[PDB]
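Beneath this line is the structure, given in structure tokens, with notes to follow.
Quick note on labels: first sequence line is chain A, next is B, and so on, each numbered from 1. As the structure lists them, so they are numbered: ligands from 1, and atoms in each ligand from 1.
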Number of protein chains: 4
Amino acid sequence: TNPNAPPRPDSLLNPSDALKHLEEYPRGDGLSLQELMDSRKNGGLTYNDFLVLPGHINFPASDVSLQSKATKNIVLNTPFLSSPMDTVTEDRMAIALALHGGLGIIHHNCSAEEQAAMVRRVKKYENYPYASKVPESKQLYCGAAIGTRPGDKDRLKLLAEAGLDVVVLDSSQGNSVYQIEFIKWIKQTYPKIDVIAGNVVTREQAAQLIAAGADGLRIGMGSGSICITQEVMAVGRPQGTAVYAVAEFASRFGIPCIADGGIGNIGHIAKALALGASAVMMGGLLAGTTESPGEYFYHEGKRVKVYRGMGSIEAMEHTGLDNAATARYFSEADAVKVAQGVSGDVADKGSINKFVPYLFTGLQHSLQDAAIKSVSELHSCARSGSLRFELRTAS
Amino acid sequence: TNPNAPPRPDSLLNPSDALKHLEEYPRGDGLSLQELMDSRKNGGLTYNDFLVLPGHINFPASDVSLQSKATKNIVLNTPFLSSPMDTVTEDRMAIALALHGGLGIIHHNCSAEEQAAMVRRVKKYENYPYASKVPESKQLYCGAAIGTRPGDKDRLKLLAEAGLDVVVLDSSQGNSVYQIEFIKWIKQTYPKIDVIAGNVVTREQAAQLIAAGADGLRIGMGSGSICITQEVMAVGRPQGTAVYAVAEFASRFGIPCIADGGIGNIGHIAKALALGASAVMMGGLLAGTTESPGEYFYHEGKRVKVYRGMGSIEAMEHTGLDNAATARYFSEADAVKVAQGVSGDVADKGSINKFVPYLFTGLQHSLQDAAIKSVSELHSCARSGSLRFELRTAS
Amino acid sequence: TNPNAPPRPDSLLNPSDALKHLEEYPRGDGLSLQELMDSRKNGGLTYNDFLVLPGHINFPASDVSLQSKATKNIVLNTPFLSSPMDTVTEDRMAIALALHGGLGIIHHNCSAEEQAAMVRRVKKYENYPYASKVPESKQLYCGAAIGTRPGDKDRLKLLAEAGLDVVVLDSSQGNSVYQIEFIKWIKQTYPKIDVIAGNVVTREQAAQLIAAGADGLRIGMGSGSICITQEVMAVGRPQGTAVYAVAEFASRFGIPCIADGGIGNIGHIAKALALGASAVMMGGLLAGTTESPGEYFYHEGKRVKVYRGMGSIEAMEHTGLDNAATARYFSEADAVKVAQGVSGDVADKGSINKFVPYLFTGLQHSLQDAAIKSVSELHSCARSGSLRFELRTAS
Amino acid sequence: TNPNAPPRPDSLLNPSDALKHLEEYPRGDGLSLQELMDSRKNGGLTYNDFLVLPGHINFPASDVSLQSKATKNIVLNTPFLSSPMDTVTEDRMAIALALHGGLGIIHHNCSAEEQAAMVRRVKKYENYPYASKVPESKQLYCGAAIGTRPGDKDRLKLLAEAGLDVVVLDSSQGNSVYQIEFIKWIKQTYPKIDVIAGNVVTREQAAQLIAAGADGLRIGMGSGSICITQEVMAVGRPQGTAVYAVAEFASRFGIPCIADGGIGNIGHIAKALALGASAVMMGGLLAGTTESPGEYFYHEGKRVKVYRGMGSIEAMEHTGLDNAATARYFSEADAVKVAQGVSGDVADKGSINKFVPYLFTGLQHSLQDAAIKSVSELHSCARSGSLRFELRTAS
Ligand SMILES: COc1c(C)c2c(c(O)c1C/C=C(\C)CCC(=O)O)C(=O)OC2
Ligand SMILES: COc1c(C)c2c(c(O)c1C/C=C(\C)CCC(=O)O)C(=O)OC2
Ligand SMILES: COc1c(C)c2c(c(O)c1C/C=C(\C)CCC(=O)O)C(=O)OC2
Ligand SMILES: COc1c(C)c2c(c(O)c1C/C=C(\C)CCC(=O)O)C(=O)OC2
Ligand SMILES: O=c1[nH]cnc2c1ncn2[C@@H]1O[C@H](COP(=O)(O)O)[C@@H](O)[C@H]1O
Ligand SMILES: O=c1[nH]cnc2c1ncn2[C@@H]1O[C@H](COP(=O)(O)O)[C@@H](O)[C@H]1O
Ligand SMILES: O=c1[nH]cnc2c1ncn2[C@@H]1O[C@H](COP(=O)(O)O)[C@@H](O)[C@H]1O
Ligand SMILES: O=c1[nH]cnc2c1ncn2[C@@H]1O[C@H](COP(=O)(O)O)[C@@H](O)[C@H]1O
């Protein structure tokens with residue numbers, strides 16, 4: 001028998017009974033999210049490996065809510081976080097993105113004093129109705145990243161003093177005793193500063209950080225545009241499967257998940273959210289913008305900015321597959337210093353003032369096509385099997 | 001045991017018993033259409049992902065009937081519809097294609113008056129024995145596209161007055177309350193003008209439009225040659241699976257299906273029909289022809305015409321993967337204006353007078369190779385499992 | 001439980017018991033031929049899609065017999081047939097290949113008189129111990145191709161008179177009433193001239209031609225190096241699956257199978273034979289050689305010969321993916337004339353006197369690596385599951 | 001029901017119970033090694049086809065032991081063996097690699113006297129705490145390769161006299177009666193010189209060599225960077241599946257396995273070991289280094305060294321896919337001489353003194369990410385299912 005359709009009728013059916021006959025089918029058209037994200041059946045999937053199937057439209061795209069949670073206590077009007085990278089997020093980006101309803105995560109490749117001064121400028125900043133404002137203060141929300149070394153405790157204290165709302169524990173692999181203990185330390189020292197723990201790609205890693213007290217999870221290992229060629233990497237996970245697996249588990253505890261790495265367009269954003277992510281983090285997509293740090297320069301007629309991985313030799317010196325313009329494939333500088341990312345340049349993207357509304361509109365249109373009015377409904381329909389998917393072959 | 005063959009004989013079998021032994025096999029060679037088009041087993045398929053297996057020939061290719069239904073009331077001698085695009089279909093293309101036994105769908109990127117004047121020229125037009133003539137009038141058949149906004153009701157009235165036979169409701173996603181209500185409006189206002197509803201890629205979407213009163217379904221979402229790179233798209237479906245899934249359902253109600261987008265050669269046409277489509281719609285294949293609108297121009301020694309998506313910035317301004325000659329990858333012009341297609345150019349293809357007979361002959365030869373004499377038999381054999389298929393890997 | 005291995009031992013096993021423990025495994029390492037060639041499990045496979053796993057060597061490569069049957073009555077020392085193509089086989093190639101133990105199939109893109117004169121030169125021809133000699137006459141074996149039109153009956157009579165040993169019924173799809181009736185005609189007129197029928201890619205097609213009285217089967221549809229891009233083709237089959245499926249059935253009746261098309265190297269030959277083919281047919285591999293017809297010419301410093309498909313506009317005028325040097329992508333010349341292949345050029349390959357011994361030696365070495373001493377043993381081990389295979393992914 | 005997750009809870013779960021809920025899951029996230037390396041389910045896999053999933057970190061990377069066994073009696077601090085190739089290993093490389101904790105295998109493309117003189121220089125050689133020293137002598141360990149022809153018996157005697165610790169039986173296919181008998185000959189003549197037998201890619205081949213008395217297995221057939229394009233090869237196996245299949249069996253007898261061929265970066269090393277290999281062999285990665293044999297020369301501005309396969313026409317004359325700088329695709333020189341590899345050049349890599357510590361550090365970091373402290377634990381976790389994997393699609 002046909003497992004995808006009921007037996008064919010003997011004679012033509014009445015078109016007015018089409019909706020009744022649709023209910024006789026053994027399963028929905030395409031795949032459920034649970035069927036798509038099966039490691040044994042389909043392997044590890046990236047965003048480009050599948051599509052979301054269209055649903056029913058009964059609302060304009062302007063009615064779509066993109067409201068989501070970055071952490072268990074932080075609600076954002078736009079599910080966009082800028083990456084804590086020295087060529088992506090400083091105070092200018094953190095302010096601009098917050099004004100558009102997103103959230104900036106200021107990098108830590110500077111002294112704790114310089115970082116605290118950047119956090120302070122975001123918090124003190126004074127047309128933008130979607131603005132990410134802290135409810136009782138009306139100040140813009142501010143995030144920042146730190147490592148999990150003993151000296152990071154003192155760094156966080158200066159950041160807390162500067163008015164920090166949320167902290168990102170910056171790591172290629174957050175499932176360590178060092179990060180687990182550091183989370184517990186923040187939960188006891190600063191209970192009001194939300195903790196985004198990671199990076200994680202497995203359910204087992206997520207469970208450790210959820211139990212430690214993480215308020216949000218940063219998902220991704222090897223997915224970044226400036227990440228060393230994956231043919232050179234041994235440990236990681238394809239981003240789609242990573243986003244699904246972690247959020248499938250984390251959502252049971254109400255812990256929002258941030259899809260970090262490999263977001264190159266609106267489609268990637270829609271797909272990451274459709275997989276269970278509550279928000280996305282962008283490095284590459286926000287690099288080369290006016291609000292990003294670093295100077296513009298010309299490279300063979302093109303106006304560019306440097307965009308680099310934080311594990312690149314250049315970023316580590318205290319001063320790679322999918323990528324825009326150019327890049328250099330470095331591997332080592334010191335035998336002890338193993339490069340984990342690349343340094344290159346990205347073309348001028350203009351201001352985020354024009355770019356972020358484009359991403360916002362495009363995402364409302366994508367959710368409308370899927371028949372979805374909110375991120376909450378997107379997730380609910382993904383878990384129920386109402387929201388359908390289809391794998392795409394090479395061609 | 002071997003599920004594909006019976007046990008091997010102890011000694012050689014007699015070649016005169018080959019046909020008797022063939023009936024001992026547990027299944028036919030290759031795959032049935034139902035086995036090929038399994039989302040869980042094979043993922044989403046495009047035309048290039050499979051082949052049709054050859055059958056038995058007992059007729060010349062000239063005996064193959066390519067007669068099919070564009071809608072439940074319109075019978076065409078050639079299953080070819082030209083796309084409603086400003087660089088594909090105006091009156092010249094609608095007349096020429098109709099004379100060859102096909103059907104032209106005039107675009108709506110003009111005033112309702114200009115569009116009605118184009119429809120009128122097709123209807124008034126007065127060597128071509130395959131000609132798509134309306135039975136009781138002997139005039140050439142004419143199709144036209146419209147949107148589903150309130151002002152489109154008035155547009156259709158001017159088109160109806162001009163002698164319009166069939167209307168295409170022009171949309172990237174036709175499963176909306178706006179289109180469903182617009183179909184019901186046409187069925188009550190103009191019961192004699194056939195409605196082609198869409199675009200649709202799922203069985204669930206098809207059911208809504210069939211129940212509303214659609215006379216034909218336009219299938220495709222993201223398959224078009226001028227469609228924005230699918231790595232940028234979030235919602236859609238691979239064309240083969242879309243064509244199969246929709247026609248598997250629609251054929252139960254006698255609603256013909258039009259395979260729209262990604263037809264680049266005869267093989268694509270044969271495969272779309274073999275999947276269950278009653279006809280194909282061509283944009284790219286018919287662009288650059290003498291009968292298509294727009295002027296010829298030279299681009300670095302090559303005689304070309306512009307070919308563009310209707311969702312391109314250039315088409316929207318009221319004046320991308322698989323593609324001929326050149327293209328530009330636009331994404332936005334206005335933050336509110338999100339590009340859904342690209343504008344490029346296509347090489348001179350000559351007249352359709354030489355081109356359409358080539359497509360017709362080639363398609364008769366393809367059906368002959370499969371052992372098929374008509375579109376009706378092609379479908380019957382596809383559903384029975386007599387017509388076989390084979391998936392093709394990357395190599 | 002693990003379906004590929006028995007439970008792991010509690011403590012280390014004795015290395016002297018390795019052969020005893022090997023027999024405790026639930027299945028052989030890798031895949032059986034029946035497991036590899038499963039359409040539902042693996043799709044349609046080409047030669048590049050898999051490898052043959054190595055076996056046990058207990059003989060030198062020089063002990064490998066490459067003796068096989070081209071037809072049920074013709075035994076060849078070398079399983080190589082040259083293709084009946086106007087740029088591959090005339091009398092010079094037919095003589096040279098026969099002297100090396102193979103078999104030439106003279107083309108029919110000439111008058112029946114010219115073709116009969118070429119057959120006669122092979123038969124009259126008078127260092128080469130592997131020579132394909134007819135047993136009771138000591139003359140070189142000669143093959144020739146014909147179509148299945150009424151005028152081909154008279155062509156075959158002139159060829160029979162010239163001393164023809166074997167006839168190839170030349171067709172892109174041999175499963176027709178025209179070929180079936182033509183086979184019966186030859187079996188009754190010339191019972192002593194072996195018939196190679198085809199081309200075929202399915203078990204169902206093979207059964208028809210076996211029942212008609214074919215002495216050998218020519219396998220391939222769309223596999224040829226000069227064959228129109230498969231993205232343009234609708235009907236055919238990946239060569240590996242075609243070779244397997246047809247020979248799995250044909251071998252039950254003792255009908256040898258010729259793997260025709262897509263042989264570009266020794267590995268392809270070994271794989272075609274390992275799949276069940278009794279011999280291979282080469283067009284591309286034998287084009288550009290001294291013995292092939294047509295003049296050498298220079299093309300931008302390179303010494304070349306034309307190599308073209310018999311369905312190309314140039315071959316049809318009575319005078320495309322995998323290919324050497326250059327090619328032109330023609331599609332039509334006359335609306336009635338649909339191109340089925342391409343015309344291009346191939347680099348000078350030298351004489352077959354140096355080339356054929358290279359292919360012979362290489363093939364002995366391949367069979368030795370698989371632990372196989374003869375074509376008969378290769379087939380026996382392929383059917384028993386002793387000969388193992390492995391699918392290869394893209395990387 | 002969902003086979004990958006338990007039913008979803010009715011209301012939110014407590015994050016402090018995350019570790020308890022994790023134990024309710026029907027299976028671990030991702031795949032077990034046994035699930036990944038299933039030929040019927042996933043086909044033949046190379047290193048690039050999968051990733052290792054991250055585990056739990058509770059130690060610094062500097063605490064990772066890379067100590068492993070090259071043979072049943074030889075313990076190495078670094079699991080690196082240099083390939084016995086005339087452009088990779090002579091005395092300089094054997095000494096340098098041994099000093100870094102690895103093991104050099106001196107080539108045999110020289111007289112037995114010259115080879116014995118190279119072995120002697122390694123053994124007589126007199127800052128390096130990881131040094132591969134023979135326990136009772138304090139001399140550096142030395143390996144060497146030989147063939148299995150009668151004259152190789154006399155070659156080994158001169159090598160034994162020179163102080164040889166381990167012998168590699170050099171072959172593209174070691175499962176022969178010639179190698180099996182040669183192993184037994186060494187076991188009886190020189191019981192104290194460890195035998196590395198191969199090359200092997202199947203469990204059936206491994207069983208023969210284990211039963212003969214091999215102390216280690218050299219795994220690989222067609223995986224080498226200088227190996228003739230695999231589209232030309234008929235017999236072999238994808239490296240990942242080869243490494244897994246052989247080590248799954250060999251580990252039951254305590255016979256270490258050497259992953260030989262296709263190691264181009266640290267990730268490949270980590271993956272080969274994670275699959276069950278006890279060590280890796282490098283040709284390409286160690287060619288172009290100061291310690292490798294052959295002179296540096298300039299090729300269009302680049303400082304290079306020749307790197308060639310031992311089956312290349314140039315290496316055989318007693319004087320190809322994945323590859324650095326350049327290469328030539330030779331196939332034959334003499335009709336009897338069939339090329340099995342290519343000759344090309346590789347860019348200057350500098351000294352191994354800087355390169356080997358880079359590889360060592362990188363590998364400690366990879367094992368740390370997987371939550372693994374030693375090679376022994378890596379294997380134990382791979383067999384238990386604690387160490388997880390994920391397949392990677394093309395994108
Ligand atoms: C910390 O920044 C990252 C992140 C977030 C990720 C990756 C990565 O390589 C680096 C650079 C790694 C550096 C700076 C070394 C320190 C470390 O390893 O923590 C990645 O692979 O997944 C996510
Ligand atoms: C309407 O024209 C199409 C069609 C038929 C399709 C697609 C598409 O993008 C456009 C352009 C979209 C435009 C003009 C915006 C309006 C809208 O969205 O209806 C496609 O993806 O599937 C089919
Ligand atoms: C006859 O020569 C071939 C053969 C053997 C094959 C193919 C093919 O296209 C042609 C050219 C087709 C021509 C000359 C037209 C006549 C016909 O169709 O018989 C192929 O696809 O599979 C095998
Ligand atoms: C012996 O060196 C190798 C090895 C180790 C391998 C291959 C190979 O081709 C050669 C060259 C083959 C030559 C010198 C001919 C002799 C022979 O065949 O033994 C390979 O494919 O897997 C591993
Ligand atoms: O050097 C690096 N190597 C690997 N990943 C990095 C590195 N630097 C930053 N990342 C990660 O990649 C992300 C950015 O990815 P992108 O948006 O694809 O450009 C960051 O948020 C980090 O998770
Ligand atoms: O701008 C666009 N974006 C995506 N699809 C479009 C656009 N314009 C037209 N289409 C669709 O693509 C089809 C043409 O596809 P083509 O024959 O592959 O060139 C049309 O019939 C429409 O369905
Ligand atoms: O024009 C053509 N189109 C498709 N196949 C052809 C044509 N001409 C010859 N062939 C076939 O392809 C074979 C040669 O393939 P080759 O060895 O790959 O070059 C012939 O033996 C025929 O089966
Ligand atoms: O000529 C050859 N053909 C195929 N493989 C070879 C040849 N020469 C050496 N090899 C093998 O390939 C290995 C080197 O692989 P590499 O590290 O990928 O460059 C050697 O250790 C051998 O197993």
What's the spacing between C/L285 CG and C/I269 CD1 if we round to 0.5 Å?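 Going from CG on C/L285 over to CD1 on C/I269, the span is 6.0 Å.
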
Main-chain N/O of [Y] paired with [X] side-chain donor or acceptor, under 3.5 Å:
X      : Y      : result
B/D260 : B/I219 : no
C/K305 : C/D345 : no
D/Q230 : D/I228 : yes
D/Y47  : A/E231 : no
D/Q239 : D/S223 : no
D/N109 : D/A315 : yes
C/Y307 : C/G284 : yes
D/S343 : D/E314 : no
D/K337 : D/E332 : no

Give the atoms of ligand 2, by number and element, whose distance to some non-hydrogen atom of [X] is under 4.0 Å.
X      : result
B/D170 : 1 (C), 2 (O), 5 (C)
B/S171 : 1 (C), 4 (C), 5 (C), 19 (O)
B/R218 : 5 (C)
B/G222 : 20 (C), 21 (O), 22 (O)
B/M310 : 14 (C)
B/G220 : 22 (O), 23 (C)

Identify the protein heavy atom lying closest to [atom], giving its residue, its atom name and the separation to 0.1 Å.
atom                    : value
atom 12 (C) of ligand 2 : B/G311 CA, 4.0 Å
atom 10 (N) of ligand 7 : C/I226 CD1, 3.7 Å
atom 17 (O) of ligand 8 : D/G283 N, 3.0 Å
atom 1 (O) of ligand 8  : D/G311 N, 2.9 Å
atom 9 (O) of ligand 2  : B/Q340 NE2, 3.5 Å
atom 14 (C) of ligand 7 : C/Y307 OH, 3.7 Å

With nothing but distance in play, are any N or O atoms of D/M282 less than 3.5 Å from an N or O of ligand 8?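 Between D/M282 and ligand 8, no N or O pair is found under 3.5 Å apart.
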
Would you confirm whether any non-hydrogen atom of the protein falls under 4.0 Å from [atom]?
atom                    : value
atom 16 (C) of ligand 2 : no
atom 7 (C) of ligand 8  : yes
atom 4 (C) of ligand 7  : yes

For residues [X] and [Y], report the shortest heavy-atom separation together with the two atoms involved.
X      : Y      : answer
C/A277 : C/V243 : CB-CG1, 3.8 Å
C/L97  : C/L103 : CD2-O, 3.6 Å
D/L81  : D/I196 : CD2-CD1, 4.2 Å
D/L217 : D/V200 : CB-CG2, 4.4 Å

Per-atom contacts of ligand 8 with D/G261, taking only distances under 4.0 Å to non-hydrogen atoms: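 Near D/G261, meaning under 4.0 Å from one of its heavy atoms, ligand 8 has 15 (O), 18 (O).
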
If you apply the rule salt bridge (charged side-chain N to carboxylate O under 4.0 Å, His left out), what do you find for C/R218 with C/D170, and how did you get there? CA-CA 9 Å; C/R218 195 178 168 201; C/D170 200 28; 2.8 Å; yes

Would you mind telling me if ligand 7 is within reach of the side chain of C/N199, the backbone, both or neither, using heavy atoms under 4.0 Å?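 Only the side chain of C/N199 comes within reach of ligand 7.
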
Under-4.0 Å heavy-atom contact with ligand 7, by part of C/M85 that carries it: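 Near ligand 7, C/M85 shows its side chain, while the N, CA, C and O stay back.
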
Pick, from [options], the option with the minimum heavy-atom distance to [atom].
atom                    : options                        : value
atom 18 (O) of ligand 7 : C/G284, C/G262, C/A259         : C/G262
atom 10 (C) of ligand 2 : B/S176, B/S172, B/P84          : B/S172
atom 16 (P) of ligand 7 : C/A145, C/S225, C/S83          : C/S225
atom 22 (C) of ligand 7 : C/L286, C/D260, C/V342, C/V280 : C/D260

For ligand 7, which atoms, with element, lie under 4.0 Å from some heavy atom of C/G309?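 Taking each heavy atom of C/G309 in turn, ligand 7 has 1 (O), 2 (C), 7 (C), 8 (N) under 4.0 Å.
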
Relative to the heavy atoms of C/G224, which atoms of ligand 7 are at a distance of less than 4.0 Å?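 The atoms of ligand 7 under 4.0 Å from a heavy atom of C/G224 are 12 (O), 15 (O), 18 (O).
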
Salt-bridged, C/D86 to C/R308, with N to O below 4.0 Å?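 Salt bridge between C/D86 and C/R308, a charged N being under 4.0 Å from a carboxylate O: yes.
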
Is B/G309 close enough to touch ligand 2? Criterion: a residue heavy atom under 4.0 Å from a ligand atom.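 B/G309 does not count as a contact of ligand 2 under the 4.0 Å cut-off.
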
Using a 4.0 Å heavy-atom cut-off, say whether D/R218 meets ligand 8 through its side chain, its backbone, both or neither.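 Side chain only; the backbone of D/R218 stays clear of ligand 8.
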
